[PDB]
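Worksheet: one structure, shown below.
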Amino acid sequence: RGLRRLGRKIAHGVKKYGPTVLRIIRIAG
């Protein structure tokens, strides 16, 4: 769980979260 562009960028924070943040905001307010 390190990748953050090789594949873990498009999803992550949406597929598991719902919104999209995380790998973009990594905050999710």
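Following the order of the structure tokens, first chain is A, next is B, and so on, with residues numbered from 1 inside each chain and ligands from 1 in the order they appear.
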
Quick one: residues within 10 Å of stretch 17-29 of chain A, only C-alpha atoms counted, chain neighbours fewer than 4 positions away excluded, as a PyMOL selection string?
-> chain A and resi 4-5+8-13
